[PDB]
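Worksheet for the structure shown next.
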Amino acid sequence: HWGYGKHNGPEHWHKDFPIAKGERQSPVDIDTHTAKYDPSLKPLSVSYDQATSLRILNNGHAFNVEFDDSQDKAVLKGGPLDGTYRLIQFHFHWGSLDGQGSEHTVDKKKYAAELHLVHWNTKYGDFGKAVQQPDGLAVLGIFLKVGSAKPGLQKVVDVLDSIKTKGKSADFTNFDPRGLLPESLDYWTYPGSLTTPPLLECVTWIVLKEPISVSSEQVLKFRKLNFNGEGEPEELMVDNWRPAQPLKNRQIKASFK
Ligand SMILES: O[B-]1(O)OCc2ccccc21
Ligand SMILES: [Zn+2]
């Protein structure tokens, strides 16, 4: 099965998922000098006040904080998007070292980690149908740098001991994802894909320019998770990022000058 090892990592994925070599794969390097300011892009609307978190899950490649997406409780609209996209989950990608971990890069710079807030287009009725459409998902990507702690991340960090291994879940109610946002909503946007198998080309990526700061202790706790299940040999959950893919025939647009 796929993973992030030498024998099953990103360079192998194309054998089971040939779309790995497709025309709109993610992540990509964001060349800030060639990204085009698009003055017709709208401000993003992030409406998370009624968000209902439910659970946190170690799925063997990351941990997902899951939300009730059975109503328009936490939605992303505006920006490059047409219509309303509902928050279903968030997760992170991170490194073994502070110098790597992000999936997107900025002028080839790698951040320590990257947060993905995943939303699906309500016109398709549910997530499974949405991922079969070219405009099915909107993923808000936020870079993490190591410095001062992010207070709003700590509740996540503190529950990780209860989901150390693959397949473990825990209740995770009343978590406010607003506490994970930077001050500015300036962004880059481009059409792309899931960054994990099945690598479906269904994502409008919205990557924020401003990183959030997390502490060394916070990201160290991410690195204590396991890819393996309980009672299997311990494999630390680190370097669960796909490297940048060819931009091909795409333009990255900026919401800001
Ligand atoms: O980054 B990912 O490919 O990992 C799992 C996932 C789920 C939803 C959207 C994007 C992703
Ligand atoms: Zn992701």
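Sequence positions for chain A are given in Swiss-Prot numbering; the residues included correspond to 4-260, in order.
This entry, so its header tells us, was determined using X-ray crystallography, 1.4 Å.
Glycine is treated like the rest: Cβ placed from N, Cα and C.
Candidates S48, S73, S165 were compared with Swiss-Prot; the annotation phosphoserine appears at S165. Of the residues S105, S172, Swiss-Prot records the annotation phosphoserine for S172. Of the residues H119, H122, Swiss-Prot places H119 in the same Zn(2+) site as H94, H96. When the recorded positions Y7, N62, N67, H119, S172, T198 are checked against ligand 2, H119, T198 have a Cβ within less than 6 Å of one of its atoms. Listed recorded positions: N62, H64, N67, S165, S172. Those with a CB atom under 6 Å from ligand 1: none.
Once Cβ contacts within 10 Å are tallied over all protein chains shown, the recorded positions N67, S165, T198 are led by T198.
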